[PDB]
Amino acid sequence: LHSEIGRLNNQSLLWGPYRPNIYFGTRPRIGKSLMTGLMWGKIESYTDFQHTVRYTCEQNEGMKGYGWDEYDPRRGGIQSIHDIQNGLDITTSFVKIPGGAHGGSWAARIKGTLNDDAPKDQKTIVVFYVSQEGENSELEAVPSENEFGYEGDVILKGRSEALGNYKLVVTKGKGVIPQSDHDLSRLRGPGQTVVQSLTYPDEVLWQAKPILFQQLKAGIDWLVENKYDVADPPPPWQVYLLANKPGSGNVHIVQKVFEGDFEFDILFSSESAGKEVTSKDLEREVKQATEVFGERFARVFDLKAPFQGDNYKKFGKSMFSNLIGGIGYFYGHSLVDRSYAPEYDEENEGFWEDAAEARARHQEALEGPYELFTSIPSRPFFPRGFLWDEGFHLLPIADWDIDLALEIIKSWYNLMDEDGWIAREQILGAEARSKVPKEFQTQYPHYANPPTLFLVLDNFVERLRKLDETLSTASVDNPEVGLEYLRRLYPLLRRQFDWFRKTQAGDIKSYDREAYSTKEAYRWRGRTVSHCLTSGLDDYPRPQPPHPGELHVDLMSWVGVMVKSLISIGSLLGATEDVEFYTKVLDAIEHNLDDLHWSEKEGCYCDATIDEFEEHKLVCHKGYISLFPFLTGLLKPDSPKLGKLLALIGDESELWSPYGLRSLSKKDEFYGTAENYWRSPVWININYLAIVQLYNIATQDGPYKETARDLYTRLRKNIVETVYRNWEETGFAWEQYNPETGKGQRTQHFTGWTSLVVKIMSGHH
C-alpha cells in the first residue's frame, strides 16, 4: 500500500511551473523532457527590445514586484507580475487536470494589462518558447492554412517515452494585433502569430534568450541583404517579427505582437487522458483551485489574535504562496572537489591557507547527473536548494501538505553520497550554473550545514504519533505508510549523524580539557579568518584566529537535535541497539554543553578555542550562537541556565529590539562591523526557533512559565508586525530586518524562511 500512495504522489506532483528561476514556465519532474517558458517586452525602437525583454527573474528599479497570490503544486495557482519598465501588469494562471497515465494535463492563461503610465498603443512582443530533450522524442508544429503565419491557434503535437502522446496548444488569444502597410508585408505578412521550429543539441535548449535572439538577428540580416533599409524602414515590431517556419524540431518559438492589452491560453492535453483540455476547462479549474486553496488556508493557517484581520490573512496568503510557489525541479551535473586533499582536514594552525592552496589545485570535476525537487530562498538572486534553508521552508509547507514535504525530504536525502554528505548548495546543470560565478560553484565533501531537515521530521513524527486532499495527508493517516517511509529514510539519517561525528569532530583529548565525555565536541570545517559559511551564520564572530582546537556550541546543539530525532525514529522502528547508543550520546552532549561551552561569568553559552598557552578558553559574543542549546530544544524547562538565557533574550541593551532579536548584542565589540550580515540584523529563522521554544516553556508548569509567556507574546508580535509592515510598504519579504529602524534590508523576495511568519501567526505549536 505504501507504493500505492507513492505512485499516486508521483502522478499528482509530476507537472508544475517548476522553473522558479524564470518569471513563468513549466516542466515535469523528469530530467530530459518538455519545458516551456514565457518572454515579453515592449518595443518602441529598433534597438530597445533586447533591453526590455523579460525572461529570468530579477529585482531592480524597473520591476515593481511579482509573486504567487495562491499556489499549491498539486493544483496550480495564480501569479502577478508588476513590470514598470514594460508598463504591464501581468497575470499567469496555471492549473492541472488529472487523468490518463502520464501525470495528467495542465493549462495556463497569460493576461497582460497596460498600466496607467503606458502609451495606450504600446507594442508588446510575447514569446512562448517550447523545447524537448530526449533521443527518442518528437515534437511538431502543425503548419497554418494562412500564407505567412497563424490567424488562430498553434498546435504542437509531440511524443516521448515519458509523456506518451500529447498536444500543446497556444490559443490565438484576445487583443489588437498591429498591421503593417510596408512593402515587407508582401513577403512577411501584414502581422500575425508566427512559429519557428528549430533544432539544436539537447544540452543548450535551456538557453532560450540567445536562441531567440539568434533568430531575430537572422531575420534582420535578411532585411539588410534584401534592400530593406533606413530610407524606408518597416516598423520595429515588424522588423522583430520572425519569419514563419513551423516544422518538427526540439525547439519551437511561438511569437505574437499585441497592441494594448492582451491574453492567450496554453493548453497541454495528455492524449492518454479524456478528451483534450479546452479554455472553458481552464477557466473552471482556475475558479475551483481558488476555492480549494481558500478553504485549506483557513483550516491549516488559522491566524490567531491579534492577527485575525483580513489584512493579515492577505499577508499570510502572500508569504505562504511565495514560499510553496518557489518549488522547483532541478536536473544536471554539479561541481565537486573529490580530491579529499589532506589540507581539508584542517588539523594544523593556519589551516585556511593550506585549504586555499588545495582549492588552487582545481581538482573539482562535474558529476552526476542529479535531480532535486525543492523550495528555494530567492527567485531573483539564488533560485536553488540550500540545505539548512530547506528545513525552515518545509515547516509551513508540511502543515499544508505533509506528503509534499516528505517528497522534498526524500529528494534531498537521495543526493547523499556513500560517506553521508549532502552538498549544502545544490547547483544542478548548466542552467543553474549560469546564474553563479565559477569560483562559487565548487562544493566540498567536508562542508556541513545545519541539519534543520530533522526539525520537519520531528513534526512529522508527532503527527504520526497523535483525492488531492486525501493524498496531502496520506502518510500520517495511514500509519503503516508513515513508518515504511521512516524505515527507508532512517539508515540515511543515521549515515548523516555518523558523518557529522567523523567529519566535524572537535578535539578534546589532545588539550588540557576536562569534560564528562571524551567524545562529544564539534568544530565546523571550512572556516576562514572572518567567516564560517558552513554554520549558516556567515560572519557571526568566532574565536580569532580560527584554530584546530575551536569548538562550536551551535554545532554540538545541532548534533543534539539529530540524536533526539534518531531516538524518536529508532523507537518507532524498534532499533533497540541504536536507541541505547543514541541515549548515551544525548546524555553526553547534555553534560559537555555545560562543561565545554557554559560561561558562568557571562551567563550564556560560548564557542571555545585554545589559548596561546594551549589552554581551553571560552570566547563569548552574545547573540544567536549564545542561545543555541535553548533554540534547539536541549534545556530542561526548570534549568537555571535557561533562566539566564531568558534574561539575555529579553534584555533590550543586548538582544531585544522592538523588531525582533538582534543576531548580535549591541554590547559586542563586533556589533555592526564589516559586512554586518549576522552582526546585528534580525533574522526570521532564528527568531522563529526562539518563538517556538518560548511557547514551549510557556505552556508547561515550571519557574519560567510566566516570563516565557510574556517574551513569547511580545516576540511573536514584534516579528510578525515587522515583516507585515515591510510587506505592506514594499510588497516584499526581506532577507533580514534592521533592528534600529525596522526596515527590511539585504535581498527582496526572500521566501525563503521569512515566510515562517505564517506559522508564527497561526500559533498552537
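Residue numbers run from 1 along the displayed sequence.
Where coordinates are absent for parts of the deposited sequence, a chain break appears; between neighbours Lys509 and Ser510 there is no such break.
Higher mean CA B-factor, judged across 121 to 129 and 613 to 621 from the recorded values: 613 to 621. When the two stretches 573 to 581 and 91 to 99 are set side by side, the higher mean Cα temperature factor goes to 573 to 581. Which of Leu168, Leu586, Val195, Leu241 has the largest Cα B-factor in the deposited entry comes down to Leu586. Each of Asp232, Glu390, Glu431, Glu675 has a CA temperature factor in the record; the biggest one is found at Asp232. Per the PDB record, residue ranking by Cα B-factor puts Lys209 in the middle third of the chain. For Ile697, the recorded CA B-factor ranks within the highest third of the chain. Only modelled residues enter the ranking. Annotation for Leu163: C-alpha temperature factor in the highest third relative to the rest of the modelled chain, per the entry. Among the modelled residues of its chain, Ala298 has a C-alpha B-factor that falls in the highest third according to the deposited record.
Among all modelled residues in its chain, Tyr522 ranks in the middle third by Cα B-factor.
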